[PDB]
Structures are given as structure tokens and as C-alpha cells.
Amino acid sequence: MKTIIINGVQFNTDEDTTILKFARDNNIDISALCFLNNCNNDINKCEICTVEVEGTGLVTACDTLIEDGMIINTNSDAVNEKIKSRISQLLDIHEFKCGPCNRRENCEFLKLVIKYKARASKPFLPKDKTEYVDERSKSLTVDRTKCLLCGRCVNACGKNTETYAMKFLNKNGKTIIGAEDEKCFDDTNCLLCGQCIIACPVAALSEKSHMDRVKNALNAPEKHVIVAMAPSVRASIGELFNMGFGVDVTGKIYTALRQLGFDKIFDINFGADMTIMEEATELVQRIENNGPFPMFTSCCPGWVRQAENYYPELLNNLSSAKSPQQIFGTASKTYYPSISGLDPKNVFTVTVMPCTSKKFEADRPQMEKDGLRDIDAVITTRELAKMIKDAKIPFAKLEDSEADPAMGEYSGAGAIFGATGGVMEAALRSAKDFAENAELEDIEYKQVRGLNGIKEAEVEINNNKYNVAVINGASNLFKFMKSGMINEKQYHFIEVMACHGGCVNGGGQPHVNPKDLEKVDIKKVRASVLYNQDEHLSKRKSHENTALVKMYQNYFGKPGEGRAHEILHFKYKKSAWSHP
Ligand code: SF4
Ligand code: SF4
Ligand code: SF4
Ligand code: SF4
Ligand code: FES
Ligand SMILES: [Mg+2]
Ligand SMILES: [Mg+2]
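The C-terminal position of the sequence shown is numbered 590 in the numbering used here, with every residue numbered one higher than the one before it.
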């Protein structure tokens, strides 16, 4: 039993919780900065959450437990002067130039600087930013002129992936964040999943920009620029246009893309149906051959890097079907010329992804054929929003349009790919039809859905029982492997997503400030858009996609053999033995 006084208001409570959490639950404003994911920066507390506790003095609300008898003041002059001072000291290490900054519209530090009217003691104005910037990665970029040393990226990497690939380092006698030994992230165990970017309150961590690749292609007279968006983009991008959360903006995106000058509007959900054709065909082959097992998905490039970096002995069990991004891109340089008359060399294929790891996937050396890359550029959901705003397109006011259908139609199975368990559910819908040679009516697999970290299910296919698992976040992959769960039974098909929640929570998604994250379950709300589409779509199985059926009939032949196997697949292998 506890009685506490906050700003003169008495509260009676039995809760055991921090001052910050209690205050937020009771509509009392306390500021915070380094607190995120239930953790603050223990070795360098920001102290933005400072409050006064009578008899004790100034304390950090984000990590101090309420106790019976506490009398708390959150808004005294002494408290506010301390907070202002901490913000001023951060400005002393921050290049405060918001005009061209990519977080200008949604920066948590700027909000605090305005709120406390803080100013640097000395403006931080480095003349040469070269030593502060790291753009070596295909996926991530670091600008340490903006870094507050808040630790949010370090903590988020450990929580989300358990790789600890993001670290505090000593560089030239100064503390920075970066990769192991200050190497390029891509050359370390890093997954390039971008959860560190999602955790950053400022513009210090960003995606590696592909915006100039795209602009130059749009402006080249002879290039025919295809664009296709991932499942999750249509459930997410509206957030950056003050539209709120959970808004389906599929048709507005198609219109915006035409206004930006793209030459063909397709959809990666078509590629998702392609991946299902190959992946369900492979699963059925393995079922009819009673092996090999388990089969892992290979469509999340964060998981592919996790397997390469930590479980190379599993690479032979990964599916060889290309991911929807790469399988679509392969078809865009082969099938698409065959139905359009375009010279393949002049097609430039752009995807819009909720993902930074997809930029590494698209840039893998062997993701090409006959000199033509499968995918020429990958922009994130955030990059597309900036492109729209730079062009002055009034996004929230646009009318709906449709995709071009030849590589644009999608079934409901493809639409759900962006949520954890979506690939599994989509694959089972086709595998059961294929193996049983039937058109089954019961197609919903709710047991694989939702935010649990490890989700197992038993499925009956062709009068035998099989075991499936959906691994939801890279940290949960480690738990599943390290605890021996992989050996507790025979698994037959396993989905792995590196980002908890699936691609709707990817590393290229709009930032959400900590207060909105408490108010809204972003992973569930974004996913609900995708499940709503599947419910209302006429075709809810990938192999019922009419444009896809035409494409295989006229160009690829049978899935899993012949031309389809030759060009639509990509096999991972552990490295050849060498010493040292
Ligand atoms: S990170 Fe925030 S405060 Fe710093 S320059 Fe960019 S918008 Fe301004
Ligand atoms: S990209 Fe993912 S694995 Fe790499 S440092 Fe960031 S959070 Fe960690
Ligand atoms: S990169 Fe961003 S999240 Fe990481 S310590 Fe710097 S400001 Fe904080
Ligand atoms: S879960 Fe999706 S967004 Fe996250 S790394 Fe994998 S493909 Fe990228
Ligand atoms: S928010 Fe409490 S110490 Fe940083
Ligand atoms: Mg702490
Ligand atoms: Mg053009």
C-alpha cells in the first residue's frame, strides 16, 4: 500500500512501478529521451526525466520506483533548469541544422529543444563532417554529428536481435556507437535489419540512400522505370502524412507513384504470389519425397544473414525460391520485356520496402543474369515519403488508382506477407491444395498469426500430420536454436522473420515516437490493414492469381522445374573450406 503526492495531487496505489510510468498512466507530463524499450542508458543517463523527490532531491523518473510517502514535483524551477542544462549540453555536441535534416518533421530532440528553449553554450559546427559519417554499408548510414550517445540503438539491437552488433566503441579517445572494431556493418555479424535506426531519436542512424539512383533513372530518356511496393508500405506510409495509424493507402500510393514519373506501376505482392508458387511446390516435393526436413523460408534477408553468420549448417535447408523482391525483379527483366517489347537493358526496376536489409539483398553479386540486375534500386517507406513531399504531391488528397495488372494483381495470400506468420499461412493455402489435388475451402490459419515470439502448429496435409513453426524476430531464432527447441520434435517447414511483428515493423518504416508507441500497438495495427485486404479479396490463394497463371502458362512453364527452377531460384551455400 502506497500514498504518493505528485504536483500536490495525492494518489493511493498498490502498483510497483517507476515514477515515469505512473505519471504517464495518470496524465502527468514528464519528459524523457534515452528511455526506450523499458531501458535507459545506464552508463550515461540523459536525465531528461528528472523530477524532485522531497527528502531525496533530484532523481531520474524513468528508473526510480515509487515508494510510500514520496512527495514529487515535476515542474519546479530547479527541475526545469536541470533539464534545460542537460539539453544545452547535448546541443554542445550536436550539429543543429534542421533545415536539410531527414528527421526535421519528427525529431524527438528538436521537440525537447523547443519545449525547454535550450541553447548550446557553444554551437557545434564541425568544418569537415567526413570523419563523423560512415556510408560504407549497403543498408545503414551513420552521422555522428547528430548522435546524442543515448544508447537506444545499442539497447534495441541487443533486445531485437541478440547479436549486439551495435556497440559503444572508443575512437580516437572519444565514445561513439558503431559496429565491431569500427568495421563496416556489412562485414560483421550485423543482420542489416535496421532496428537500431527505428530506435534512434535523431538523424544519426539512417538508411543508405537510393534516392539518387531512382531520380537519375526517372530522368534518363531511354530508361523505363518500374516501381513495385512491398505488402507493408500500404499499411504504413500514411503515418508520415498526418493520416494516423492503420490507414490503407494502397490506391493513393499508386497515384503518387504515377505523379512522380514512374513508367509502370506493379506490386511486390505479385512477387509474393510467385514465391508461394515455388515455395509450396518445393514443400510438396519434400512431403512426397519424405525429406529433406526442415525447410526454412529464405525470403527475409535479415534471417538469411543470421543463418550465414551464425548457422551456416542450416543454409542447405533454406528454400531456394527467390524472395518476392528478387523473384519479381528477375521476371521484370525477362517476362516483362516478352509482353511489352522493351529492351531488357532499358528496364530499371525499383522496389519500395519497409526494410533496410533488402538493399543488401538487391546488391548481392549473383542477383542478376546476362548483366541485368534483378533489382536496380530499393527505397524505404521513409525515402518514398520524402520523394512525395519534395515533389509537393498532396498525398492525403489524392484519388485512388490501380496498379498495372500484368505484374500487379495479387491474391489475399500475398497481401498478408508483411505480418509475422503471413508467409506460412500463404504457403499452407497452396501446399494443401497442391498435395491433395483439391480446392479446399478452409484457408485461415489463425494459430500462426500474432505477436508471440515462437508459434508452432500441427497441420494435416494429404492425410499425414506435419509440424510447422513461425519464428517472430531474430532474438527468437536464437532462443529456438540455443535452447534445443529445434530438436524437441521433427519440424518440416519453418518461417523466420528478423523483425518482431514481421515486415510491418521493419527497419525502413516510419519512426513512431515513444508516447505513440505506448498508445498504439503499431505491429498489430499495421498488420490489420493486410489481413483486412485478404478477407475482402476474391482470390485468396496465390495460385489463383490470374496474371500469375498467365505468366507461368505463357513464359515459365511448371513451377519448381525447367525454366522456373533455372531463373527464379537462388541457392545459399556455406563457404568452401579454407585455412586460415
Ligand atoms: S537531428 Fe533533430 S535537432 Fe538535430 S538537426 Fe536533425 S531535426 Fe534538428
Ligand atoms: S541492423 Fe539490426 S543487427 Fe545490425 S546493428 Fe542494427 S539492430 Fe543490430
Ligand atoms: S545513433 Fe541514435 S540511438 Fe544510437 S546513441 Fe546515437 S542518437 Fe542514440
Ligand atoms: S522481417 Fe521484413 S523488414 Fe525485417 S529484415 Fe526481414 S524482410 Fe526486412
Ligand atoms: S530518460 Fe531517464 S535517464 Fe534518460
Ligand atoms: Mg536503467
Ligand atoms: Mg523517365
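All C-beta atoms, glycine included, are put in the ideal place defined by N, C-alpha and C.
Asked, Found
"Neighbourhood of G339 by C-beta distance below 6 Å, restricted to the same chain and skipping five residues each side", "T359, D384, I385"
"Close beta carbons around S242, own chain, < 6 Å, minus the five adjacent residues each side", "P364, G428, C513, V514"
"Alpha-carbon spacing of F303 relative to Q500, whole angstroms", "8 Å"
"Which listed residue (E118, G256, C203) has its alpha carbon closest to that of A213", "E118"
"From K396, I263, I247, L159, residue whose alpha carbon lies closest to that of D222", "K396"
"Of the residues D78, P404, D283, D414, the one placed nearest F21, counting alpha carbons only", "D78"
"Assumed close pair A372, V362 - CB separation to whole angstroms, cut-off 8 Å", "Not quite, the Cβ-Cβ distance comes to about 12 Å (not below 8 Å), so this is no contact."
"Contact under 8 Å by Cβ, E292 with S246", "no"
"Beta carbon nearer than 5 Å to a non-hydrogen atom of ligand 6", "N50, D52, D73"
"Paired residues, beta bridge with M239 - DSSP", "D277, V362"
"Own chain partners of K581 with C-beta closer than 7 Å, once the 5 adjacent residues on each side are dropped", "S330"
"For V559: DSSP bridge partner residues", "For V559, which the question treats as bridged, DSSP gives no partner whatsoever."
"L75 and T28 closer than 8 Å at C-beta", "yes"
"Where the beta strand (DSSP E) through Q20 begins and ends", "19-23"
"Alpha helix (DSSP H) segment containing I29, residue limits", "29-35"
"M11, buried or exposed, once every other Cβ within 10 Å from all chains shown has been counted against 16", "exposed"
"Closer than 7 Å: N252 CB and nearest ligand 7 heavy atom", "no"
"C-alpha gap between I496 and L179, whole angstroms", "35 Å"
"Stretch pair the segment 132-149 + the segment 447-455: three plus CB contacts closer than 8 Å", "no"
"Any non-hydrogen atom of ligand 1 within 7 Å of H104 CB", "yes"
"Straight-line Cα distance separating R573 from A441", "21 Å"
"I15, DSSP secondary structure in three states", "strand"
"Through-space distance from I15 to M80, alpha-carbon basis", "6 Å"
"Any non-hydrogen atom of ligand 5 closer than 7 Å to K125 Cβ", "no"
"Nearest neighbour of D258, chosen from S538, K584, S588 [CA to CA]", "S538"
"Test item: CB-CB of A317 and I403 under 8 Å", "no"
"Within the segment 450-529, ranges of the beta strand (DSSP E) (whole runs, at least 3 residues)", "464-471, 474-482, 503-507"
"Close beta carbons around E289, own chain, < 6 Å, minus the five adjacent residues each side", "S329, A331, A437"
"Of the listed residues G254, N279, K549, nearest to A240 (C-alpha basis)", "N279"
"Closest Cα partner of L382 within the set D353, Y126, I481, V480", "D353"
"Environment of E323 [buried if 16+ CB atoms lie within 10 Å]", "exposed"
"Paired residues, beta bridge with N180 - DSSP", "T185"
"Endpoints, the beta strand (DSSP E) within which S131 is located", "It is not in any beta strand (DSSP E) - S131 carries neither H nor E in the DSSP assignment."
"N564 to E554 span [Cα, whole Å]", "16 Å"
"Counted within 10 angstroms of its Cβ, other Cβ atoms place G183 as buried (16 or more) or exposed", "exposed"
"Buried/exposed call for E435, threshold 16 Cβ in 10 Å", "buried"
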